[PDB]
Each structure stands twice: as C-alpha cells, then as structure tokens.
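Encoded as structure tokens, the structure appears first; notes follow it.
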Amino acid sequence: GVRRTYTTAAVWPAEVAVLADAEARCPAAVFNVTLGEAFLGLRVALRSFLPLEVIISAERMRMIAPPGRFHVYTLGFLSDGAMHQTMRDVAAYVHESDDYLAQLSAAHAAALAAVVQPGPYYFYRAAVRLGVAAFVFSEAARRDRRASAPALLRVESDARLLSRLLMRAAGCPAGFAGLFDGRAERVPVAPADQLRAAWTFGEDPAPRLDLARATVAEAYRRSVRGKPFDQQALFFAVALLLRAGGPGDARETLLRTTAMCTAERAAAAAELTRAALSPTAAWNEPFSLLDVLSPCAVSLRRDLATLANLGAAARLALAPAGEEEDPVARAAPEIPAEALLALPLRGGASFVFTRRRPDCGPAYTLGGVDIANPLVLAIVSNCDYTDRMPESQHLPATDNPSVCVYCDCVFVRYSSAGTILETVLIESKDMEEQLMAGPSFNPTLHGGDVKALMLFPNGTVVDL
Amino acid sequence: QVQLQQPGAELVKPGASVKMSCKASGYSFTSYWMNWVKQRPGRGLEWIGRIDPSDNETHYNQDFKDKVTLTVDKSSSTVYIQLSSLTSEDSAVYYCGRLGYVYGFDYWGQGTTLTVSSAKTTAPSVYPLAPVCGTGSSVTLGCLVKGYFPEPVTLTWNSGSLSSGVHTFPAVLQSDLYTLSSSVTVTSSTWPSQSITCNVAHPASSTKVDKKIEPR
Amino acid sequence: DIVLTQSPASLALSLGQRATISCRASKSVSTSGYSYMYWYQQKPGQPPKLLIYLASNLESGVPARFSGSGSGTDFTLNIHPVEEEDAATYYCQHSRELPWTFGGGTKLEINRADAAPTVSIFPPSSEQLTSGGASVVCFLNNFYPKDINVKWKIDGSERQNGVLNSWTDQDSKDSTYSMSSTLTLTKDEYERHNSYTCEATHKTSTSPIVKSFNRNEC
Ligand SMILES: *[C@@H]1O[C@H](CO)[C@@H](O[C@@H]2O[C@H](CO)[C@@H](O)[C@H](O)[C@H]2NC(C)=O)[C@H](O)[C@H]1NC(C)=O
Ligand SMILES: *[C@@H]1O[C@H](CO)[C@@H](O[C@@H]2O[C@H](CO)[C@@H](O)[C@H](O)[C@H]2NC(C)=O)[C@H](O)[C@H]1NC(C)=O
Ligand SMILES: *[C@@H]1O[C@H](CO)[C@@H](O[C@@H]2O[C@H](CO)[C@@H](O)[C@H](O)[C@H]2NC(C)=O)[C@H](O)[C@H]1NC(C)=O
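Top line first, the protein sequences correspond to chains A, G and L. Those letters in the first sequence? Residues 131 to 197, 211 to 447, 451 to 468, 483 to 542, 547 to 602, 608 to 633, per the deposited numbering, in order. Those letters in the second sequence? Residues 1 to 52, 52A, 53 to 82, 82A to 82C, 83 to 100, 100A, 101 to 129, 132 to 213, per the deposited numbering, in order. Those letters in the third sequence? Residues 1 to 27, 27A to 27D, 28 to 214, per the deposited numbering, in order.
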C-alpha cells in the first residue's frame, strides 16, 4: 500500500456576512474566532491534539431523512464519544444565557481553570466559552448598534485579555491583537472605562497618570479603613503605573498592592477561585478573573496554595494590549524567587520575608514563630555572619508637632503559625495618629498569638 | 454603563419631611462615595454632604447638619437624603453625584425637583399646535403644555427620535400653575406625510401623554 | 470655609476665539503635589458635567479644546477654539477640606452674525376650545441678537394683558435665540373677535414681521 495523506474539505453551505475575525497562532497552538450575522465559526487546536472546529448558526441545514434557538455543527475526527459530548456541551453553553455579560462571566471562569490547571480540556473549553461570549454579544449588538456601542469596550478588552492568558497557558506568546477591529477605538470612552481603554489600546499613559496614581492611593486608603475598593479599576491603574509611572511610582504602587493583599484578602481570592471553578457555579453575580488577580496577583505577596500560576498570569496580563516583559520584576529586580513577601525600599533595596535565612546577608530571625514554619526578615541591597533578632521597643511621641516620624514605615503583623497577616504602610500623619490610638489593623483587638514589627527605611523593631 | 436614577419630582407641604432617592447601577456600589448637591432656580451649586455606602460614614456641609440625613440601602443599591422642617428655601433640584477616586464628581443623576408647597399635584393639559389653514419649504408645529403643578415636565418629539429643529421653552408660573411650550421645524415634504407626535411626561402625576399633530 | 471666586460672571466671544475663565480660592487647595480643583460645564435642564479634574487633567470624552491650569489659590479654564456647543455655564469646585464648595459660575455666550426671527402663529387647538380655554401661540425662532420685541393685536387693537413670554438659552448648534409668546383668553373673549396678530420687531429689519389669522376664514 502506497502511503498518502487523506484530506477532507467541508464548506459551510451559506455565504457568511462576516462582522469580525481574530486569530492567535504559534507552533504550539491555534485559536480562531469568526463572527458573522447569526454565525460563529471557531477553530481551536493544541499541538499533538486533534483540532476542534465548531459552527453555531441561527439556521438549520437541510438533513436527509428516512421515508433551541441555535444549531451546533462539529467538524473533526471525534468518534461518537467526543462527538455526542462536544455537540451537547457547545449547545448547553450557547443556550445557558441570552445575556452576553453572564456568558462573559462563564468565559472568565473557564479561562481561570485553564491558567490554574493547564491542559487540553480546559484550553479547548475556555476557547469555546470566549467565542460563545463574543457571539452572544455580537447577536445582541447587531439589533441596536447605537445602544451597544458603549458595551463594546468591555467585550473587546476581555477578548484581548482572556485570549492572551489562554494562548500562554497553551505555550504561545500572544492572544488576539483585536476582535471587533477598528470599531472599539472609535467609540467614546466613559469615565468608568478610562483606565481599561488606556490598557486595551496602549494609549499614551501621560494624560491618565494622575488618575492611576489617585486610584491606587485611594484604593489603599479605603482598604486600610476596611472599605471595599474597585479592584478592576485598581488592576488597570497598576498596569499603567508599571508601564509608564514617574520616578518611584512602580515602587509606591507595589508597596500598596502588597499592603492591600492581606492574608485574609489572599484567602478571599482563593475562596473566589474555588467558587468560580465549581461545576454548579451560577452567573447571577458577575465574575471577572480580575476579581481574583487584583490586588493579590499584582502584589509582592508570592505565597498563599494550588494557584502559583496566578501571579505569572497577572504579570503577563499587566502588559498593554495596543527590558523585562514582567513589569513587577522590572519594578524591583532585587526580589528573589524564595521571597514569601517583599516590601520595596528606596535605593534599589527591599525588605524580604523567607522561610530560610539568606547566605552572606544581614537577616533577622523572627521571635515567637513555629520552628517548622519559620520567618526570616532580610534586607536585599545590591557579607554578614551575625545572628540578629529584633530589638523590643515601645512607641514614643505621641505629640503631633506636624512632623511625621513613622511616615514611610511599614507596620507588620505576623502569627505564631508563621504567616504574615498584614503589612501596613504608614503614609500620612492621620495613619500615624491612628497607630497611637486604641485604623483597625494597628490598634489592638487580637490576642497573644500575634506579634508586631515596625520596619523603617533602615532597620527593624519589635512592638511593644 | 454607570447610571444614577433619581425620581423627577417631590411635592411636599411646608413643615413636613421628604426622603429623596438615588438608585445606582453599572459599578460596584460599595466602592464609591455618593455626594448630594443642591441647585436653586437660576442659582449656583451647593455641596450638601457625602455618604460611603459600605459602612454609612458621612461628611456634611455644616450649613446642612440640622436639615439633612444621608442613609443607604445596600440591597437596592440606593442612597437617600432626608430633609426635615421644609420651607420654600428648600425648594431646589437635588443631584446625586458619584465621587471618583480623583475626588471630583464623575457621574450625576438627573436631579429631583423638590417643591415645598401646600398646593396639589395637577397633571398638564397637552394641546397639539398645527399650522393655520393656507406654505413654504419648511413647517413649524407646536405643543402647548398648560396648567401643571409642580415642575418639571419632559417633552419629546416622536419619542426622542425627532431632536433637531426643536425649541422647548422654559415653564412660566401663572396663577399657581405652569405652562411650557415647544416648537419643531421640519421640511414641507416631511409633514403631514410622516407622523409628528408630541410626548409629555409629568413625573409628579405619573402621567405620559401623546398628541399627534394633525392638519386643521 | 474656602470661598471660590470666578471671573468674569459672563463671557461673550466669537467662534474660534479663546475663552479664559479664572477661579480664585480664598486659601490654597493644593496639598502633597495635587491641586483639588475641578471644572464643570452645565447646560439648562441638565446636571453639571466634569471637564477637568485635579486642576489640569482632561476628563475622558472631553474635547482637547478644553484645558485647565493653576496651583495654590489661582486657577484657569481655557477653551480654544470656542465652538457653538460651548455656550453653557462653567463652575469651578474644590475638594480640599470641609465644606466642599463651588464657584459662582461663568456664563459663556457666543457672538455671531445677525439673524431675523422666523415667526409662526397658532390658533387655539380644538381640544382646548372644548375645555373653555383659548391660548394663541406665537414662536419667534432662531434670531440674533437676543434683543427683540413682540406685540399682539386683536382686531387691530394692541393687547397687553394675558401675554406670557418665555426665552430659550442660546442654541447649541447655531448660537441663535428663540421666544414663545402666548396670549391667554377665555373661549368667550376669543369668539368675540376675528383677527389675531403677532408682530416681531428686531434690528434685522425696519419693518416688523407680521403673522395673522382670521378666526372665521380658516
Ligand atoms: C479566521 O478564520 C477565517 C475562516 O477560515 C479566516 O477567513 C477566511 O480566510 C481565507 C484565507 O485563509 C479567505 O479566503 C476566506 O474568504 C475567509 N472566510 C471568511 C468566512 O471570512 C480568517 O482569515 C481568520 N482570521 C485571521 C485573523 O487569521
Ligand atoms: C534609622 O535608625 C535608627 C536606629 O536607632 C532609628 O531609631 C531612632 O534613633 C533616634 C536616635 O537619636 C531616636 O531619637 C529615635 O527615638 C529612634 N526611633 C525609634 C522608633 O526607636 C531611626 O528611626 C531610623 N530612621 C529612619 C528615618 O528610618
Ligand atoms: C448602615 O445603615 C443601615 C440602614 O440605615 C443599617 O442596617 C439595617 O437597615 C435595615 C433596612 O435599611 C433595617 O431593616 C435594620 O433594622 C437595620 N439593622 C440594624 C441591625 O441596624 C446597617 O446596620 C448600618 N451598618 C453599619 C455597619 O454601620
């Protein structure tokens, strides 16, 4: 028998009125979305796996017979097991909701499963979910084009964001450059979407810098007072500041995102991930993968888990969709891989918490911590042999002479279990005032299992 | 889209209290302060105070401390302002305005017109104004909105689709009732061949009336 | 309390020219590198719209002809080139300390070419006559300058009583003014006369613009 390749062509039997298309492609993976009037044509393939090609149409093609709203067609070498499955699953996705925002929630949760546990099933499912979300939007938008014009930015930016994260989990450098091409950049931008738009189109950061700085500053002031902040607007502000912040902006930003990523906030991000990845997850409450990534995966708290992939995904997500590729690593290159938590200093230095003490460096071993889960605090400045422990001291003055002594200091709480609970930057005299009083974090409320440190732009003291 | 929804009108007697509402959507309700702003007819803007919907923290303008109480309902995404011992000095448009993180007011409600008065609500009479019998390249049609109380009314032409060539005249108060009018100018080929309808909403009486302009 | 003083109270400019609006604060509104200064535009029947935040930053979707500058106590809003839709009132505002306050407002008006009013007269609607009332409506539309006089005549006699006038703010597209004049009579008074006239006198013509109808002969 002569060795030959067997190639089949399948032609969709109606012409498609094409509205949008996008493709991301490298040797490892391919992902294409084609949108037409009442048409989705989607092709996804991972190297060494069978391609998946799916069509969703509002119309049913004439079938030869013996004498929901949409129709799903699957092209490929699926045996009955995967063929019956794929057809039923893809139809269940498209008919789940006529609301494009609920479809987008499901697309975010499916992309989250793919970043956390990369593999062919989660990659193909998340590619399908993104395509169906864009299709349901396109179908609603088709009807009233003037009313839909403000909602285009959210879908377009998420298509760029989700495709980038999915293509990297598949081993490719880039997601879609654009889906709804030329359309989104022409639409007026609402104030609530300014930071998202600056990220989506890679706009000159200069007119949005004060806005980004104020977003970060205010998010932090709220966090420390126990108030919720806009974590999505925070994500886009951080993205702008790490790409084109003035001197010391990137450093000030990462101190604040670290401070906002409390141990409690980190556990909330892990609980939210679990709830989003649940097979019984419902989209009555909207979900964005930015709700898990911001503040924690854009912070210098590295430790929490079965979701270390989140940090790397968020650092990738931070690059605009219009030197080190990682803007977090770019802002503070001195921070090592073994750092549980870092607090950036002036002069290319940072405080660094680790389990094991550094070699040839000044370090403090922290008192009152379990021997199996220890805490070493070191300063990483670009050889010391001495065994250091932090000096026990009380807080003087307590006088308010319009001079801030504890300004630029970090108040740190740690447990006997060896977890850094809180990391409070004292940025104002107002905060310094609350530190002496009896906000919430620095006044006493918790028992004799929690210790506290004052970290200076020099050395370390144990309070009280 | 960020939306702040305020009822158009409140009619309240002198000496009574009022509660005005601002329903927020399209953003995380507990992540932003809500301001209230007072504007009296043909006068400037006065900032009343702000409330944080997350924990009910308030800041008040000291001029309003005895007059005003801000509250929130998280479950309905609603901010309220309550005013006590109402006088005619309190009659004004009351705006809610979201505080941006830059500390300016980035989104605004349409405003509630508060009328402090012992007079009753009166729905308007809406009259179509068609041209005289006997004709150039363009046609002016009108809509007369007579004898309503309190302010405001909202007038549209063809449910808002006919917006150019429109003049809507401010209301005039005559013997305790308001009268407003509107004109619309179209080409002679457009009317009466295509339908022109005046729509008038009076929020205080919850009335919405349509009058088609028919030739005399 | 911080008092904000705007100057001028009113500005009239031709299309294409530079509008400069000043805001002076009684105390500094600048702290730690930021000025807590904001500018808003307001058109009648609409809420104010934020133009400029933190003294110098253009809000999203605001045209580049708008700019703000200043620090401490002295602040400026610039509009260059001015366009028709810029006819509005402009307010400065501070968020430096309690109470937050606004400036007194600056009304910007556009200077343009003279334009004769278009005059239209409307007899009472048949619906109104059924109710016992009779309003006669006269529109004087799209004129410039705003100075105008209107006269009603009933069977060639001037009528002053029962006349109510209303004026639009300057038009956002063509910078003209409009006026409604409404003569309110009883159905009985209305039916006692034949000839109804609205006369507009405006500087664009030596002769008034006269619109009339006869109650009888349609
Ligand atoms: C995504 O896939 C579609 C469908 O295969 C591509 O559009 C086709 O491109 C071929 C050339 O490869 C044309 O000759 C066909 O006319 C196209 N069909 C339709 C329905 O548009 C599209 O090029 C892909 N997008 C990207 C960005 O590569
Ligand atoms: C830098 O290091 C010194 C180490 O002693 C810090 O301690 C202060 O030292 C001065 C010395 O006269 C005392 O008056 C203060 O009371 C000390 N403060 C505390 C809290 O112990 C000093 O704070 C560090 N400086 C900065 C700017 O970080
Ligand atoms: C913040 O304000 C609200 C309302 O003023 C408080 O919650 C309750 O309000 C509901 C309806 O608005 C009533 O049914 C309850 O009786 C209130 N319950 C209690 C226990 O007060 C709310 O508690 C306030 N929360 C904080 C943290 O200040």
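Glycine residues also receive a C-beta, built at the ideal position from the N, C-alpha and C atoms.
Note that the C-beta distance between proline 487 (chain A) and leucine 397 (chain A) is not below 7 Å. Identification of chain G residues near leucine 296 (chain A) by a Cβ-Cβ cut-off of 7 Å yields none; the smallest Cβ-Cβ distance measures about 11 Å. Near ligand 1, residues with a Cβ at less than 5 Å from any of the ligand's heavy atoms are A:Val146, A:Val148, A:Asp151, A:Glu153, A:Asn162 and A:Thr164; the list follows chain order. The Cβ atoms of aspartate 373 (chain A) and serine 25 (chain G) lie no closer than 7 Å to each other.
Pairing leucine 501 (chain A) with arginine 444 (chain A) gives a Cβ-Cβ distance under 7 Å. Within the same chain, and ignoring the five residues on either side of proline 181 (chain A) in sequence, the residues whose Cβ sits closer than 6 Å to its Cβ are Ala175. Neighbours of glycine 66 (chain L) in chain A, taken as residues at a C-beta separation under 9 Å, are lacking, since the least C-beta distance is about 15 Å. Counting only residues of its own chain and dropping the five nearest sequence neighbours on each side, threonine 97 (chain L) has a CB closer than 8 Å to the CB of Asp1, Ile2, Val3, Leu4, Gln89 and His90. Contacts between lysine 143 (chain G) and chain L, judged by CB atoms closer than 8 Å, involve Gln124, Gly129 and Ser131 in chain order.
In this model, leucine 141 (chain G) and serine 131 (chain L) are separated by some 9 Å (Cα to Cα). Checking the 6 Å criterion, the Cβ of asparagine 533 (chain A) is out of range of every heavy atom belonging to ligand 2. Less than 7 Å separates the beta-carbon of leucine 82C (chain G) from that of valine 111 (chain G).
Under the 7 Å criterion on CB atoms, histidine 199 (chain G) is classed as non-interfacial with respect to chain L.
Contacts with chain L at 7 Å (Cβ-Cβ) include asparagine 60 (chain G). In the DSSP secondary-structure assignment, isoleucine 21 (chain L) is bridged to L:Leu73.
For chain A, the residues of the segment 21 to 39 of chain G that bring a beta carbon within less than 8 Å of one of its beta carbons are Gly26, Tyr27, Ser28, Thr30, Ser31 and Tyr32, in chain order. In this structure, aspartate 72 (chain G) has its CB closer than 6 Å to one or more heavy atoms of ligand 3.
Residue-level contact by beta carbon fails for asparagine 74 (chain L) and chain A, as no gap is shorter than 7 Å. For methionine 191 (chain A), the three-state secondary structure derived from DSSP is coil. With a cut-off of 8 Å on Cβ pairs, the segment 38 to 48 of chain G is in contact with the segment 97 to 114 of chain L, counting three or more such pairs.
At a beta-carbon threshold of 9 Å, none of the residues of chain L lie near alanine 393 (chain A); the nearest stands roughly 17 Å away. For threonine 452 (chain A), same chain residues with a beta-carbon under 8 Å away, outside a window of 5 residues either side, are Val259 in chain order. For the pair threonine 68 (chain G) and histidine 58 (chain G), the Cα-to-Cα distance works out to about 10 Å. Contact with chain G is absent for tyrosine 86 (chain L), since none of that chain's Cβ atoms lies less than 7 Å from the residue's Cβ. Counting only Cβ-Cβ distances below 9 Å, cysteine 214 (chain L) has contacts in chain G at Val127, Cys128, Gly129 and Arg213, in chain order. With respect to the C-alpha of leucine 537 (chain A), the residue from A:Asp548, A:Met553 and A:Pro350 having the closest C-alpha is A:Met553. Between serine 208 (chain L) and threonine 193 (chain L), the CB-CB gap stays under 7 Å. For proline 626 (chain A), the Cβ falls inside the 6 Å cut-off from some heavy atom of ligand 2. DSSP, read as helix, strand or coil, puts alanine 269 (chain A) in helix. Considering only beta carbons, the part of the segment 156 to 189 of chain G lying closer than 8 Å to chain L consists of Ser161, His164, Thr165, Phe166, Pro167, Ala168, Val169, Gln171, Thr176, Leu177, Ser178, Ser180 and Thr182, in chain order. By a beta-carbon distance limit of 8 Å, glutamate 485 (chain A) does not contact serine 510 (chain A). Their separation comes to about 21 Å.
Proximity to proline 43 (chain L) across G:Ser53, G:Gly49, G:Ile51 and G:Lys38 peaks at G:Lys38, based on C-alpha coordinates.
One finds nothing in chain G with a Cβ atom closer than 9 Å to the Cβ of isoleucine 150 (chain L); even the nearest lies about 16 Å away. Considering only A:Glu361, A:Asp232 and A:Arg365, the residue with the shortest C-alpha distance to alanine 380 (chain A) is A:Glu361.
When the Cα atoms are used, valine 89 (chain G) and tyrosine 34 (chain L) turn out to be separated by approximately 21 Å. Residue pairing for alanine 538 (chain A): DSSP places it in a beta bridge opposite A:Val512 and A:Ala523.
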